[PDB]
>>> print(open('model.pdb').read())   # PDB, C-alpha atoms
MODEL        1
ATOM      1  CA  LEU A   1      -3.457  15.854  12.550  1.00  0.00           C
ATOM      2  CA  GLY A   2      -1.924  12.847  10.772  1.00  0.00           C
ATOM      3  CA  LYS A   3       0.897  12.941   8.212  1.00  0.00           C
ATOM      4  CA  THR A   4       0.954  12.139   4.463  1.00  0.00           C
ATOM      5  CA  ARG A   5      -2.600  10.775   4.829  1.00  0.00           C
ATOM      6  CA  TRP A   6      -3.934   8.335   2.214  1.00  0.00           C
ATOM      7  CA  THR A   7      -7.330   7.982   0.493  1.00  0.00           C
ATOM      8  CA  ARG A   8      -9.758   5.023   0.470  1.00  0.00           C
ATOM      9  CA  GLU A   9      -9.308   4.695  -3.313  1.00  0.00           C
ATOM     10  CA  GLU A  10      -5.548   4.149  -2.923  1.00  0.00           C
ATOM     11  CA  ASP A  11      -6.060   1.928   0.161  1.00  0.00           C
ATOM     12  CA  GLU A  12      -8.429  -0.373  -1.754  1.00  0.00           C
ATOM     13  CA  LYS A  13      -6.126  -0.335  -4.801  1.00  0.00           C
ATOM     14  CA  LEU A  14      -3.093  -1.199  -2.642  1.00  0.00           C
ATOM     15  CA  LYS A  15      -4.930  -3.958  -0.758  1.00  0.00           C
ATOM     16  CA  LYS A  16      -6.043  -5.556  -4.041  1.00  0.00           C
ATOM     17  CA  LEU A  17      -2.545  -5.466  -5.583  1.00  0.00           C
ATOM     18  CA  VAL A  18      -0.862  -6.717  -2.383  1.00  0.00           C
ATOM     19  CA  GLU A  19      -3.257  -9.670  -1.989  1.00  0.00           C
ATOM     20  CA  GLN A  20      -3.282 -10.359  -5.756  1.00  0.00           C
ATOM     21  CA  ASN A  21       0.489 -10.422  -6.369  1.00  0.00           C
ATOM     22  CA  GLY A  22       1.671 -10.925  -2.771  1.00  0.00           C
ATOM     23  CA  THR A  23       3.404  -8.808  -0.098  1.00  0.00           C
ATOM     24  CA  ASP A  24       6.769  -9.420  -1.819  1.00  0.00           C
ATOM     25  CA  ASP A  25       9.065  -6.737  -3.338  1.00  0.00           C
ATOM     26  CA  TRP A  26       7.432  -3.385  -2.584  1.00  0.00           C
ATOM     27  CA  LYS A  27       9.422  -2.071  -5.565  1.00  0.00           C
ATOM     28  CA  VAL A  28       7.184  -4.023  -7.967  1.00  0.00           C
ATOM     29  CA  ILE A  29       4.056  -2.866  -6.126  1.00  0.00           C
ATOM     30  CA  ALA A  30       5.266   0.768  -6.052  1.00  0.00           C
ATOM     31  CA  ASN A  31       5.450   0.668  -9.877  1.00  0.00           C
ATOM     32  CA  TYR A  32       1.679  -0.031  -9.905  1.00  0.00           C
ATOM     33  CA  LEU A  33       1.096   2.809  -7.393  1.00  0.00           C
ATOM     34  CA  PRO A  34       2.831   5.961  -8.735  1.00  0.00           C
ATOM     35  CA  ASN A  35       3.803   8.574  -6.093  1.00  0.00           C
ATOM     36  CA  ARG A  36       3.420   5.837  -3.433  1.00  0.00           C
ATOM     37  CA  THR A  37       7.068   4.837  -2.928  1.00  0.00           C
ATOM     38  CA  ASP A  38       7.960   1.325  -1.722  1.00  0.00           C
ATOM     39  CA  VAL A  39       8.458   2.660   1.832  1.00  0.00           C
ATOM     40  CA  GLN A  40       5.029   4.356   1.836  1.00  0.00           C
ATOM     41  CA  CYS A  41       3.325   1.276   0.350  1.00  0.00           C
ATOM     42  CA  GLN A  42       4.977  -0.950   2.976  1.00  0.00           C
ATOM     43  CA  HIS A  43       4.002   1.487   5.747  1.00  0.00           C
ATOM     44  CA  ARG A  44       0.457   1.406   4.352  1.00  0.00           C
ATOM     45  CA  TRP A  45       0.320  -2.357   4.983  1.00  0.00           C
ATOM     46  CA  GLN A  46       2.892  -3.860   7.387  1.00  0.00           C
ATOM     47  CA  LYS A  47       1.833  -1.195   9.899  1.00  0.00           C
ATOM     48  CA  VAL A  48      -1.999  -0.812   9.579  1.00  0.00           C
ATOM     49  CA  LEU A  49      -3.876  -3.098   7.112  1.00  0.00           C
ATOM     50  CA  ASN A  50      -4.583  -6.546   8.577  1.00  0.00           C
ATOM     51  CA  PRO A  51      -7.412  -8.549   6.941  1.00  0.00           C
ATOM     52  CA  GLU A  52      -7.897 -11.179   9.676  1.00  0.00           C
TER      53      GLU A  52
ENDMDL
END
>>> encode(input="model.pdb", output="structure tokens")
Amino acid sequence: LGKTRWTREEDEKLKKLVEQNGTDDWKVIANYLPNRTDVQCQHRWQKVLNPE
């Protein structure tokens, strides 16, 4: 089940970077998260994460 699943470590890391810098160019964020391409980083945010 699932596809290209992530890990809590990467989720937390991504969340921190996104909130810290901002949900701007995913290219810049991708540089901080090797292997996690801009598309994957975006998908792992503007599709699931939502800190209300």
>>> resolve_selection(input="model.pdb", expression="the PyMOL selection byres ((chain A and resi 33) around 12)", output="list in words")
residues 9, 10, 11, 12, 13, 14, 15, 16, 17, 18, 26, 27, 28, 29, 30, 31, 32, 34, 35, 36, 37, 38, 39, 40, 41, 42 and 44 of chain A
>>> atom_distance(input="model.pdb", atom1="atom CA of residue A:46", atom2="atom CA of residue A:25")
12.7 Å
>>> atom_distance(input="model.pdb", atom1="atom CA of residue A:48", atom2="atom CA of residue A:1")
17.0 Å
>>> atom_distance(input="model.pdb", atom1="atom CA of residue A:49", atom2="atom CA of residue A:8")
12.0 Å
>>> axis_aligned_box(input="model.pdb", around="stretch 23-32 of chain A", padding_each_side="4 Å", output="JSON")
{"center_x": 5.6, "center_y": -4.3, "center_z": -5.0, "size_x": 15.7, "size_y": 18.2, "size_z": 17.8}
